[PDB]
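One structure is given here, and the rest of the page talks about it.
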Amino acid sequence: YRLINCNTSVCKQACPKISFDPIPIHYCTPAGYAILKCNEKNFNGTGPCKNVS
Amino acid sequence: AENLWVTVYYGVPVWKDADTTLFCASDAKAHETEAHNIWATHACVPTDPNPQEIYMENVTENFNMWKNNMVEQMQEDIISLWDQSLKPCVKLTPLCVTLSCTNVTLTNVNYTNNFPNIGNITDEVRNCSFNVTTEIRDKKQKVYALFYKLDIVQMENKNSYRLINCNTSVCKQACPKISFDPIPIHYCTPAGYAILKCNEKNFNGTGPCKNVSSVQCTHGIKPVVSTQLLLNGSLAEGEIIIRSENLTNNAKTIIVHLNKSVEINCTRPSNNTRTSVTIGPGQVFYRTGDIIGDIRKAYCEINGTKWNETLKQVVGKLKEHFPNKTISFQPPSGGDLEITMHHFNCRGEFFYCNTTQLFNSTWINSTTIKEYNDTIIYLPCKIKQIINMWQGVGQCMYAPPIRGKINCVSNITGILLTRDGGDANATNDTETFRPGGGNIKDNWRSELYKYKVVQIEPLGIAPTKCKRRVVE
Amino acid sequence: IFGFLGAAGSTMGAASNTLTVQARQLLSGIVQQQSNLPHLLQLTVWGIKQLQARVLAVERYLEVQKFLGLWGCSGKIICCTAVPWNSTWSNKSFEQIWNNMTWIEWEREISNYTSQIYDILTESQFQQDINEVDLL
Amino acid sequence: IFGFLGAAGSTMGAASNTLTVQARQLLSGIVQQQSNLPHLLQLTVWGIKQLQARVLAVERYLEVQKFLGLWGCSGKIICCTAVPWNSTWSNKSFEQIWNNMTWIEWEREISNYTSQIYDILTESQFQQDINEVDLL
Amino acid sequence: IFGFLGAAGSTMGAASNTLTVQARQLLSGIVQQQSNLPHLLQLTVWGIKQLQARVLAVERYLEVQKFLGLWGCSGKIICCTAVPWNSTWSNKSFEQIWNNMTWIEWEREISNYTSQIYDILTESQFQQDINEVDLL
Ligand SMILES: *[C@@H]1O[C@H](CO)[C@@H](O[C@@H]2O[C@H](CO)[C@@H](O[C@@H]3O[C@H](CO[C@H]4O[C@H](CO)[C@@H](O)[C@H](O[C@H]5O[C@H](CO)[C@@H](O)[C@H](O)[C@@H]5O)[C@@H]4O)[C@@H](O)[C@H](O[C@H]4O[C@H](CO)[C@@H](O)[C@H](O)[C@@H]4O[C@H]4O[C@H](CO)[C@@H](O)[C@H](O)[C@@H]4O[C@H]4O[C@H](CO)[C@@H](O)[C@H](O)[C@@H]4O)[C@@H]3O)[C@H](O)[C@H]2NC(C)=O)[C@H](O)[C@H]1NC(C)=O
Ligand SMILES: *[C@@H]1O[C@H](CO)[C@@H](O[C@@H]2O[C@H](CO)[C@@H](O[C@@H]3O[C@H](CO[C@H]4O[C@H](CO)[C@@H](O)[C@H](O)[C@@H]4O)[C@@H](O)[C@H](O[C@H]4O[C@H](CO)[C@@H](O)[C@H](O)[C@@H]4O[C@H]4O[C@H](CO)[C@@H](O)[C@H](O)[C@@H]4O)[C@@H]3O)[C@H](O)[C@H]2NC(C)=O)[C@H](O)[C@H]1NC(C)=O
Ligand SMILES: *[C@@H]1O[C@H](CO)[C@@H](O[C@@H]2O[C@H](CO)[C@@H](O)[C@H](O)[C@H]2NC(C)=O)[C@H](O)[C@H]1NC(C)=O
Ligand SMILES: *[C@@H]1O[C@H](CO)[C@@H](O[C@@H]2O[C@H](CO)[C@@H](O)[C@H](O)[C@H]2NC(C)=O)[C@H](O)[C@H]1NC(C)=O
Ligand SMILES: *[C@@H]1O[C@H](CO)[C@@H](O[C@@H]2O[C@H](CO)[C@@H](O)[C@H](O)[C@H]2NC(C)=O)[C@H](O)[C@H]1NC(C)=O
Ligand SMILES: *[C@@H]1O[C@H](CO)[C@@H](O[C@@H]2O[C@H](CO)[C@@H](O)[C@H](O)[C@H]2NC(C)=O)[C@H](O)[C@H]1NC(C)=O
Ligand SMILES: *[C@@H]1O[C@H](CO)[C@@H](O[C@@H]2O[C@H](CO)[C@@H](O)[C@H](O)[C@H]2NC(C)=O)[C@H](O)[C@H]1NC(C)=O
Ligand SMILES: *[C@@H]1O[C@H](CO)[C@@H](O[C@@H]2O[C@H](CO)[C@@H](O)[C@H](O)[C@H]2NC(C)=O)[C@H](O)[C@H]1NC(C)=O
Ligand SMILES: *[C@@H]1O[C@H](CO)[C@@H](O[C@@H]2O[C@H](CO)[C@@H](O)[C@H](O)[C@H]2NC(C)=O)[C@H](O)[C@H]1NC(C)=O
Ligand SMILES: *[C@@H]1O[C@H](CO)[C@@H](O[C@@H]2O[C@H](CO)[C@@H](O)[C@H](O)[C@H]2NC(C)=O)[C@H](O)[C@H]1NC(C)=O
Ligand SMILES: *[C@@H]1O[C@H](CO)[C@@H](O[C@@H]2O[C@H](CO)[C@@H](O)[C@H](O)[C@H]2NC(C)=O)[C@H](O)[C@H]1NC(C)=O
Ligand SMILES: *[C@@H]1O[C@H](CO)[C@@H](O[C@@H]2O[C@H](CO)[C@@H](O)[C@H](O)[C@H]2NC(C)=O)[C@H](O)[C@H]1NC(C)=O
Ligand SMILES: *[C@@H]1O[C@H](CO)[C@@H](O[C@@H]2O[C@H](CO)[C@@H](O)[C@H](O)[C@H]2NC(C)=O)[C@H](O)[C@H]1NC(C)=O
Ligand SMILES: *[C@@H]1O[C@H](CO)[C@@H](O)[C@H](O)[C@H]1NC(C)=O
Ligand SMILES: *[C@@H]1O[C@H](CO)[C@@H](O)[C@H](O)[C@H]1NC(C)=O
Ligand SMILES: *[C@@H]1O[C@H](CO)[C@@H](O)[C@H](O)[C@H]1NC(C)=O
Ligand SMILES: *[C@@H]1O[C@H](CO)[C@@H](O)[C@H](O)[C@H]1NC(C)=O
Ligand SMILES: *[C@@H]1O[C@H](CO)[C@@H](O)[C@H](O)[C@H]1NC(C)=O
Ligand SMILES: *[C@@H]1O[C@H](CO)[C@@H](O)[C@H](O)[C@H]1NC(C)=O
Ligand SMILES: *[C@@H]1O[C@H](CO)[C@@H](O)[C@H](O)[C@H]1NC(C)=O
Ligand SMILES: *[C@@H]1O[C@H](CO)[C@@H](O)[C@H](O)[C@H]1NC(C)=O
Ligand SMILES: *[C@@H]1O[C@H](CO)[C@@H](O)[C@H](O)[C@H]1NC(C)=O
Ligand SMILES: *[C@@H]1O[C@H](CO)[C@@H](O)[C@H](O)[C@H]1NC(C)=O
Ligand SMILES: *[C@@H]1O[C@H](CO)[C@@H](O)[C@H](O)[C@H]1NC(C)=O
């Protein structure tokens with residue numbers, strides 16, 4: 001047999017001291033920008049939102 | 001008088017000579033072809049659809065070619081882009097081993113459309129077999145490939161060859177899905193700087209220009225790279241212009257910039273097929289499998305009469321700076337293959353054309369006009385694959401073969417000459433100019449000779465009879 | 001009406017009626033655009049020259065606005081001042097300045113003293129505030 | 001009282017009592033902090049997305065401060081100008097603007113002419129500075 | 001007659017005469033030069049510390065210029081406002097403030113209230129601008 005990846009690429013070994021635990025990440029805007037959030041609970045994908053915060 | 005007080009004016013039209021970080025702006029209409037060009041990448045900001053050029057009337061400004069900083073920035077940008085385009089993709093370290101080449105045997109068409117009748121590509125390519133490694137390290141395979149004789153060097157044991165780069169560097173294959181097409185690049189300044197452009201039509205290199213105008217950024221500049229003849233350039237307006245840093249210093253190159261193009265029509269009539277092997281895990285090496293059908297050396301055709309008149313005009317201009325001598329051209333006297341032969345590019349294939357029928361003649365006194373018949377000059381051209389474009393700074397490259405027939409139609413808007421040094425014991429009223437010479441920077445001085453970067457100083461101070469109202 | 005630097009060759013009298021055309025263009029530039037199309041594109045060779053051309057545009061604007069703040073000329077295009085001309089900087093008459101020179105020649109005659117005229121301008125504005133704090 | 005953008009839905013005349021709330025937050029942010037803990041940590045993926053957030057904040061703030069300086073409204077929140085309203089930009093009455101529209105609705109109504117009003121406002125201030133030079 | 005920060009030990013009365021000395025140096029620095037000689041020099045380890053030193057200097061200047069714009073003190077060094085010190089921030093007499101106190105000590109003992117004086121100073125200026133709108 002041969003390894004699965006030996007014709008597509010070469011795979012660097014996942015690296016011993018790092019962790020794959022997902023820590024929550026907050027995406028924040030610079031100064032002069034803002035993020036409008038649609039608070040409607042029964043809100044589908046697109047359209048007008050009426051209690052934007 | 002005694003009623004003069006300092007008054008600050010903001011926005012006055014003053015400037016000082018300075019150097020800045022020019023960025024790139026290119027038109028998006030040419031792009032969006034998903035071609036991933038090398039130079040005019042998608043990273044360049046969109047250009048202004050209606051650029052503004054303001055005619056500055058009463059000002060004379062001291063322009064200085066040969067000392068422009070705009071050129072060196074272009075050089076560094078070209079080198080950096082060339083390096084970063086070759087970074088991601090395949091190397092060629094497992095490729096070049098002890099090859100074994102024999103003369104190629106081909107089956108081909110007979111007549112081959114023998115209109116030029118220049119020659120035949122036999123005795124230029126070698127059909128070499130060598131052992132490479134497949135995707136598995138513990139398995140070696142014997143494979144054949146067609147290599148031009150300029151890419152392989154002959155080591156000891158004369159029936160065994162090696163690639164030309166192994167003992168000096170490692171070369172990375174020209175990367176398969178990128179383009180070498182020169183898309184025009186505009187060089188725009190930050191906000192606070194301006195570019196002064198000299199509009200004099202008959203303007204030598206340096207001196208005080210009397211017809212300056214102001215622009216935000218330059219015209220389209222093609223990064224096309226050539227050695228002996230400027231290609232795809234911008235024509236001179238007034239007449240033939242001969243520019244050099246000092247015309248009495250033969251170490252300084254001469255740039256002859258024309259006001260009427262002479263088209264050069266280049267073709268590779270051969271039929272090269274492209275095959276692909278695997279030299280490693282996910283690393284594919286492209287090679288020339290066979291030459292089937294037409295077999296003929298690549299050549300470039302030039303109208304003889306147009307070039308002949310162009311040389312007449314260039315000699316007419318040259319006689320003014322050298323008043324009492326005959327002007328005679330001669331072919332290059334030696335050097336690298338990038339100097340002795342006109343080097344350029346088409347669709348990834350790198351051409352080296354001979355150009356010795358264009359560049360030797362004598363013009364003694366123009367005693368009588370000599371009339372001839374229409375002729376077409378056929379310059380033979382070689383093709384190279386292991387390309388070291390810049391001698392020691394640029395990464396060595398291997399350009400894969402291009403399937404099909406290659407054809408370019410280009411303009412010749414300039415010539416790069418180099419005067420042969422003179423002696424003192426006896427000068428028989430003759431001067432010989434040999435083409436080529438200079439570095440790559442002279443290919444971009446031919447475009448950036450009109451432009452100078454200046455920094456705006458908008459804070460002015462002048463006396464006035466007004467006094468600030470002092471509060472009680 | 002003239003464009004950018006369009007009256008740079010005209011005399012100081014007639015080149016001072018178009019100060020706004022060279023003043024509208026100290027921050028506005030093409031560089032605020034993003035790209036032709038949006039790895040790590042913020043590190044490309046063309047993507048570093050564009051980052052340093054935004055910091056250059058900002059800095060060149062502040063070094064002229066910083067002086068205006070100190071002299072008390074913020075928000076003004078033409079700003080009078082209570083600093084008298086000693087004529088050691090330049091002993092020309094009024095007519096020989098506003099009718100016989102362009103702005104570039106004038107800024108070359110007093111290039112000696114601009115390092116000192118700036119300090120005199122700053123002190124005068126400071127002396128206006130001290131004379132006004134201890135007076136009201 | 002309202003928070004940032006809190007009066008975005010109120011009318012023009014009633015949402016103008018909270019201008020300082022949205023004017024105090026044009027440079028202040030979280031980005032100025034260094035990191036959780038400090039190779040070449042300035043070339044991380046989030047070391048560049050934070051370097052360009054600091055530059056975007058500066059240019060966004062300096063974009064309007066440039067116009068305030070030209071118009072002569074530096075250091076002021078509400079600034080009165082000597083430019084008459086020709087009503088071709090909008091001919092709505094006083095009560096149909098300050099008591100009936102919204103700042104978002106209003107600014108979308110005269111978005112056609114804001115490129116010209118900026119030129120008129122700048123040139124009007126230049127004429128005021130010329131007048132006082134030949135007056136004092 | 002003093003250098004930068006030369007009056008940091010003097011009393012507040014005698015240390016307010018050298019305000020311009022510490023004010024001329026909020027943008028000016030050595031960093032604005034290019035280098036000893038012009039691989040990838042723009043991303044050297046010390047080509048990045050210079051890039052972030054230029055941004056830090058610009059942002060530091062704009063943190064105080066932002067306030068002076070709101071308070072109405074743009075273009076002035078000693079700006080006299082209309083906010084009444086209510087003596088809750090400090091009940092020290094006028095003599096004791098300006099006559100054995102240094103600028104460093106004063107800032108420390110009112111450091112609890114600068115977050116509130118800044119918001120009061122902004123509100124007074126806004127109330128000034130509203131009063132002129134319905135007065136002119
Ligand atoms: C949806 O959400 C779900 C809920 O969050 C989520 O499920 C959770 O998944 C995470 C995954 O990280 C789980 O966290 C891990 O839990 C492990 C359980 O450990 C048990 O066994 C230990 C004995 O080995 C016990 O000691 C331990 O009890 C105590 O454990 C803690 C001390 O370690 C202590 O604080 C607790 O209070 C408890 O009392 C438990 O019984 C745990 O082992 C693991 O620890 C790693 O991560 C910690 C940080 O969270 C580090 O502090 C710790 O040192 C471990 O890090 C090591 O391993 C990492 C991964 O390889 C490396 O990156 C680190 O560098 C480090 O590796 C170093 O040390 C090695 C020696 O240990 C050495 O060999 C290496 O070379 C290197 O030097 C971690 O905490 C969590 O428990 C799950 N939740 C539940 C409820 O079970 C789910 O995954 C989510 N869904 C999806 C799809 O993701
Ligand atoms: C001096 O100036 C002249 C004039 O500009 C210049 O000549 C021109 O050079 C360019 C660059 O090589 C030529 O453009 C190429 O032309 C070939 C010819 O194809 C013919 O046949 C097709 C039908 O199949 C016709 O549609 C076409 O019009 C031609 O008649 C094209 O095949 C090339 O196409 C490639 O580039 C396109 C760019 O959008 C892609 O869309 C296309 O898919 C092709 O890309 C392929 O190769 C890429 C790598 O190169 C690869 O990344 C892609 O994935 C894909 O595989 C191309 O259009 C142009 O024809 C020349 N014009 C003339 C009149 O000769 C000279 O070159 C210049 N001098 C110097 C020294 O540079
Ligand atoms: C828009 O969303 C906000 C969310 O804050 C709604 O306000 C809350 O609504 C929920 C559900 O009705 C209540 O339980 C909360 O007490 C409300 N207030 C807060 C502070 O959460 C608001 O009602 C929504 N808009 C409309 C028109 O209902
Ligand atoms: C300064 O340069 C401009 C460049 O446009 C010159 O304008 C051209 O001059 C030639 C020579 O007579 C005319 O044939 C063209 O019609 C003119 N316009 C253009 C667009 O080319 C101008 O003559 C030069 N000299 C002066 C004094 O302005
Ligand atoms: C290109 O420049 C040459 C100058 O070298 C021009 O040649 C001149 O053309 C005029 C036409 O009226 C003749 O009278 C001159 O005798 C020519 N000079 C020489 C030295 O032969 C040529 O006309 C220019 N062509 C274009 C298209 O601008
Ligand atoms: C460039 O070269 C190509 C081929 O070398 C030219 O195309 C041929 O031109 C000859 C001229 O007599 C014709 O007889 C052929 O029919 C053309 N086609 C082919 C397939 O050979 C092309 O015209 C040249 N371009 C220029 C500008 O001279
Ligand atoms: C280069 O040499 C190799 C081997 O010497 C040639 O490969 C063989 O070519 C013959 C042609 O008659 C075929 O029948 C064989 O199948 C090919 N493979 C082998 C393993 O023998 C190759 O054709 C040569 N290339 C050229 C262009 O002549
Ligand atoms: C090569 O250039 C010459 C010009 O030196 C061309 O000859 C001209 O051709 C045109 C069109 O056929 C005629 O009107 C002219 O009278 C010819 N002579 C001159 C002096 O212009 C010749 O046609 C060109 N060759 C090709 C293949 O196009
Ligand atoms: C370009 O072609 C010319 C011929 O057109 C070559 O000149 C010949 O070079 C060989 C090499 O020693 C000499 O033996 C001949 O006497 C030369 N002249 C002729 C008419 O053949 C020239 O060498 C070619 N360029 C290069 C770089 O090889
Ligand atoms: C090669 O040169 C020819 C003639 O000099 C160019 O043809 C003209 O180029 C100008 C560009 O200024 C266009 O405005 C004209 O429409 C073109 N045609 C004619 C009949 O004048 C040609 O564009 C040049 N090729 C390249 C790639 O630049
Ligand atoms: C949203 O619209 C409603 C309805 O116009 C506003 O509610 C009125 O606000 C005014 C302003 O003080 C009061 O005089 C009225 O009594 C309110 N009710 C009605 C029925 O008109 C509301 O204020 C608006 N939202 C905001 C944030 O101002
Ligand atoms: C440092 O403190 C000393 C006090 O010990 C200051 O000296 C006094 O200065 C005042 C005003 O110049 C004089 O009226 C006193 O007579 C001085 N007293 C002594 C004992 O010399 C000194 O000026 C301070 N230095 C600075 C730079 O503030
Ligand atoms: C002048 O300043 C001095 C010190 O800066 C003050 O005197 C200090 O008083 C405290 C008691 O509150 C003593 O503990 C210190 O030892 C004193 N300082 C010295 C140097 O002896 C004094 O209060 C200030 N002047 C006035 C009028 O309050
Ligand atoms: C979401 O629901 C609302 C009301 O039911 C409707 O107006 C809107 O079109 C819907 N959007 C989609 C994407 O279905
Ligand atoms: C190949 O080139 C030689 C060189 O002149 C020529 O004699 C021959 O006819 C060409 N063709 C073949 C098939 O050999
Ligand atoms: C390739 O290797 C095989 C077996 O290892 C050998 O027979 C053949 O001669 C080699 N070909 C070369 C070295 O060109
Ligand atoms: C260029 O020509 C002008 C006059 O046409 C002359 O004054 C100047 O010295 C020349 N410069 C050079 C470098 O030859
Ligand atoms: C050129 O090579 C291709 C590759 O298969 C072939 O199809 C084509 O027929 C060849 N050209 C001629 C003229 O036969
Ligand atoms: C070029 O012109 C000269 C004029 O002296 C002539 O001798 C020569 O034969 C010409 N070249 C061609 C190829 O006609
Ligand atoms: C041009 O070519 C050679 C180059 O040295 C020269 O000697 C000769 O006189 C010229 N003409 C021909 C036909 O070679
Ligand atoms: C004029 O400049 C000199 C230069 O030293 C200076 O001493 C003098 O004080 C200046 N004039 C006035 C009125 O201050
Ligand atoms: C109003 O618009 C008209 C035409 O668009 C113009 O003539 C007039 O000057 C404008 N008003 C002002 C105050 O400029
Ligand atoms: C305001 O302008 C609109 C559009 O020209 C026009 O229809 C309307 O009658 C105008 N209002 C008045 C009061 O003239
Ligand atoms: C004085 O200022 C302080 C600041 O904390 C505040 O708490 C207090 O209410 C103020 N007093 C008056 C009368 O405004």
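Order determines the names: the first chain of the structure tokens is A, the second B, and so forth; residues in each chain are numbered 1 upward, and ligands are numbered 1 upward as they are shown.
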
- Task: Please identify every polymer residue within 10 Å of ligand 19, using only C-alpha atoms and all ligand atoms, and present the set as a VMD selection string.
- Result: chain B and resid 303 to 312 357 to 358 360 to 377

Keeping C-alpha atoms for every residue in the selection just given, could you write it to a file as a CSV table (one decimal), in the first residue's frame?
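again36.csv, written as the output of this step:
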chain,number,residue,atom,x,y,z
B,303,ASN,CA,10.1,45.0,-43.9
B,304,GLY,CA,13.4,45.8,-45.5
B,305,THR,CA,12.6,49.2,-46.9
B,306,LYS,CA,11.0,50.6,-43.7
B,307,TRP,CA,14.0,49.5,-41.6
B,308,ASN,CA,16.3,50.9,-44.3
B,309,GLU,CA,14.7,54.3,-44.2
B,310,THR,CA,14.6,54.2,-40.4
B,311,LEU,CA,18.4,53.7,-40.4
B,312,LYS,CA,18.7,56.5,-42.9
B,357,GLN,CA,21.3,41.8,-41.2
B,358,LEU,CA,19.6,44.8,-39.5
B,360,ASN,CA,25.7,46.6,-40.3
B,361,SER,CA,26.1,49.1,-43.1
B,362,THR,CA,28.1,52.2,-44.0
B,363,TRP,CA,26.9,55.7,-44.8
B,364,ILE,CA,29.9,57.5,-46.2
B,365,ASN,CA,28.6,60.8,-47.8
B,366,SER,CA,25.0,60.0,-49.1
B,367,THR,CA,26.6,60.7,-52.5
B,368,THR,CA,23.6,59.3,-54.4
B,369,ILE,CA,20.2,57.8,-53.7
B,370,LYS,CA,20.4,54.0,-54.3
B,371,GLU,CA,17.1,52.4,-55.4
B,372,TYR,CA,16.3,48.7,-54.7
B,373,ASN,CA,13.4,46.3,-54.7
B,374,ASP,CA,11.1,45.3,-51.9
B,375,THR,CA,12.8,42.7,-49.6
B,376,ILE,CA,11.8,41.0,-46.4
B,377,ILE,CA,14.6,40.4,-43.8

Legend entry - Surroundings of ligand 12 up to 12 Å, based on only C-alpha atoms and all ligand atoms, as a ChimeraX atom specification: /E:1-3,5-18,99-103

message = Counting only C-alpha atoms and all ligand atoms, what are the residues, protein, DNA or RNA alike, that approach ligand 21 to within 12 Å? I want them as JSON, numbers by chain.
response = {"B": [2, 4, 5, 6], "C": [82, 83, 84, 85, 86, 87, 88, 89, 90, 91, 110, 112, 113, 114, 116, 117, 120, 121, 124]}

Write the selection just made, keeping C-alpha atoms, as a compact mmCIF listing (two decimals), in the first residue's frame?
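The result, written out as selection32.txt:
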# COMPACT_ATOMS: atom_id res chain seq x y z
CA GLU B 2 5.74 100.38 8.63
CA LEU B 4 3.47 95.24 7.17
CA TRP B 5 2.34 92.21 9.17
CA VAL B 6 2.95 88.50 8.62
CA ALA C 82 0.11 90.38 14.82
CA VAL C 83 3.75 89.64 13.88
CA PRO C 84 5.45 92.61 12.17
CA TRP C 85 7.81 92.17 9.23
CA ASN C 86 11.30 93.38 10.16
CA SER C 87 12.47 93.53 6.50
CA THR C 88 15.64 91.68 7.51
CA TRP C 89 13.89 88.62 6.09
CA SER C 90 13.12 90.61 2.91
CA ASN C 91 13.34 94.36 2.32
CA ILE C 110 12.89 83.53 2.76
CA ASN C 112 16.61 81.09 5.44
CA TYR C 113 14.16 82.36 8.06
CA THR C 114 11.11 80.06 7.89
CA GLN C 116 12.56 81.39 12.71
CA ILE C 117 9.31 82.86 11.37
CA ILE C 120 7.89 83.96 16.12
CA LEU C 121 4.40 82.97 14.97
CA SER C 124 2.78 85.54 19.34

(message) as a ChimeraX atom specification, please: the residues near stretch 1-17 of chain A (cut-off 7 Å, only C-alpha atoms, same-chain neighbours under 4 positions excluded).
(response) /B:135,281-282

With C-alpha atoms retained, export the selected residues as an mmCIF file, in the first residue's frame.
data_model
loop_
_atom_site.group_PDB
_atom_site.id
_atom_site.type_symbol
_atom_site.label_atom_id
_atom_site.label_comp_id
_atom_site.auth_asym_id
_atom_site.auth_seq_id
_atom_site.Cartn_x
_atom_site.Cartn_y
_atom_site.Cartn_z
ATOM 1 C CA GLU B 135 5.232 10.053 -6.507
ATOM 2 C CA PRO B 281 4.140 14.260 -4.457
ATOM 3 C CA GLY B 282 1.824 16.612 -6.317
#

Once you count only C-alpha atoms, what closest atom pair and distance in Å to one decimal does each residue of chain D within 8 Å of chain A have, with rows by chain and rising residue number, as CSV?
residue,atom,partner,partner_atom,distance
D:25,CA,A:31,CA,6.8
D:26,CA,A:32,CA,5.0
D:27,CA,A:31,CA,5.4
D:28,CA,A:31,CA,6.3
D:29,CA,A:31,CA,5.7
D:31,CA,A:30,CA,7.1
D:53,CA,A:30,CA,5.3
D:54,CA,A:30,CA,7.1
D:56,CA,A:30,CA,6.9
D:57,CA,A:31,CA,5.1
D:60,CA,A:32,CA,6.5
D:61,CA,A:32,CA,7.4

Next, the residues of the selection above should be written as a PDB file, in the first residue's frame with N, CA and C atoms.
ATOM      1  N   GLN D  25     -17.273  59.398  19.347  1.00  0.00           N
ATOM      2  CA  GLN D  25     -16.877  58.021  19.076  1.00  0.00           C
ATOM      3  C   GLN D  25     -16.393  57.867  17.640  1.00  0.00           C
ATOM      4  N   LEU D  26     -15.512  58.769  17.206  1.00  0.00           N
ATOM      5  CA  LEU D  26     -14.916  58.686  15.880  1.00  0.00           C
ATOM      6  C   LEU D  26     -13.455  58.266  15.896  1.00  0.00           C
ATOM      7  N   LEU D  27     -12.811  58.244  17.060  1.00  0.00           N
ATOM      8  CA  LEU D  27     -11.446  57.748  17.171  1.00  0.00           C
ATOM      9  C   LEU D  27     -11.341  56.729  18.298  1.00  0.00           C
ATOM     10  N   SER D  28     -12.189  56.873  19.313  1.00  0.00           N
ATOM     11  CA  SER D  28     -12.136  55.989  20.467  1.00  0.00           C
ATOM     12  C   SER D  28     -12.645  54.602  20.100  1.00  0.00           C
ATOM     13  N   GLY D  29     -11.885  53.581  20.477  1.00  0.00           N
ATOM     14  CA  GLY D  29     -12.284  52.218  20.216  1.00  0.00           C
ATOM     15  C   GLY D  29     -11.605  51.259  21.167  1.00  0.00           C
ATOM     16  N   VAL D  31      -9.294  49.080  19.605  1.00  0.00           N
ATOM     17  CA  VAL D  31      -8.144  48.651  18.822  1.00  0.00           C
ATOM     18  C   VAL D  31      -6.816  49.129  19.400  1.00  0.00           C
ATOM     19  N   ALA D  53      -6.986  48.372  10.905  1.00  0.00           N
ATOM     20  CA  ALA D  53      -8.101  48.983  11.613  1.00  0.00           C
ATOM     21  C   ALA D  53      -7.694  50.297  12.263  1.00  0.00           C
ATOM     22  N   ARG D  54      -6.431  50.420  12.673  1.00  0.00           N
ATOM     23  CA  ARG D  54      -5.953  51.679  13.232  1.00  0.00           C
ATOM     24  C   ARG D  54      -5.830  52.748  12.159  1.00  0.00           C
ATOM     25  N   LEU D  56      -7.655  52.797   9.261  1.00  0.00           N
ATOM     26  CA  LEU D  56      -8.998  53.145   8.811  1.00  0.00           C
ATOM     27  C   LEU D  56      -9.674  54.122   9.758  1.00  0.00           C
ATOM     28  N   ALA D  57      -9.419  54.003  11.060  1.00  0.00           N
ATOM     29  CA  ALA D  57     -10.008  54.939  12.010  1.00  0.00           C
ATOM     30  C   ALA D  57      -9.477  56.349  11.794  1.00  0.00           C
ATOM     31  N   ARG D  60     -10.938  57.890   8.409  1.00  0.00           N
ATOM     32  CA  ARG D  60     -12.358  58.199   8.540  1.00  0.00           C
ATOM     33  C   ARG D  60     -12.573  59.467   9.354  1.00  0.00           C
ATOM     34  N   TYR D  61     -11.776  59.662  10.404  1.00  0.00           N
ATOM     35  CA  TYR D  61     -11.891  60.873  11.210  1.00  0.00           C
ATOM     36  C   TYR D  61     -11.349  62.086  10.469  1.00  0.00           C
TER      37      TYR D  61
END

Practice item. Would you give me, as a list in words, the residues of chain B that come within 10 Å of chain D, using only C-alpha atoms? Key: residues 7, 9, 464, 465, 466, 467, 468 and 469 of chain B

Students should find that atom CA of residue E:77 and atom CA of residue C:73 are spaced 12.2 Å

*Test item: chain D residues at most 8 Å from chain E, counting only C-alpha atoms, as a count of residues only*: 14

TODO: Using only C-alpha atoms, select each residue of chain B with any atom at most 12 Å away from an atom of chain A, and give the selection as a VMD selection string.
DONE: chain B and resid 89 to 90 134 to 139 277 to 284

Spatial neighbours of stretch 200-203 of chain B, 7 Å, only C-alpha atoms, chain gap at least 3 places, as a list in words
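The residues satisfying every condition are residues 209, 211, 237 and 238 of chain B.
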
*Within 12 Å of ligand 3, counting only C-alpha atoms and all ligand atoms: which residues, as an MDAnalysis selection string?*
chainID A and resid 37:43 49:53
